[PDB]
């Protein structure tokens, strides 16, 4: 009585491990991966290392890693493995299906990524801002452009902070292959 992750769900959650959290592709998340993530973003947007954007990104990522460790690092080595990661997500999905909200470190990350996408600062991610960011993570442009149209409902919805936040939740927990949120980090062929 209860339940595991479906193949669908597990693979969506491993995809994000591999592409966005494990920046040195060694199979585990560590503070070292976050430092890398920080360099990557500074390079993308041309932020100087000792600036306030950089320093605010670092501070935010520290809180996020602190919350992630608290949630997932069961053997307390300051390293989160795919094992630790999936075990945690199993409980984060269930808790979400029962009304609870996602963990605070996760919402923090979502809001931080929204901010990273929305370089114009107008509270809207546009198609160019979007592919600029996900293409930097190895997502093909054609899967960025298709995903954007899906996410914005072919332009009927503005991808604001709140819309990004809802889509974000749906990516990680939805078991519906027709959900829009499935394509938040590039088109999934389904």
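Residue numbers count along the first chain shown, from 1.
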## Note on the structure
Higher of the two mean Cα B-factors (42 to 50, 129 to 137; per PDB record) comes from 42 to 50
## Note on the structure
When mean C-alpha B-factors in the record are compared for 93 to 101 and 76 to 84, the larger belongs to 93 to 101
### Query
Which has the highest CA B-factor per the PDB entry: 143, 56, 30, 149?
56
### Query
What third of its chain, lowest, middle or highest, does the C-alpha temperature factor of residue 71 fall into?
highest
### Task
Taking the chain's C-alpha temperature factors as the reference, tell me which third residue 17 falls into: lowest, middle or highest.
lowest
### Query
If you rank every modelled residue in this chain by C-alpha B factor, which third holds residue 1: lowest, middle or highest?
highest
### Task
Quick one: classify residue 182 as lowest, middle or highest third of the chain based on its Cα B-factor.
lowest
### Task
Rank-wise, by C-alpha B-factor, drop residue 11 into the lowest, middle or highest third of its chain.
lowest
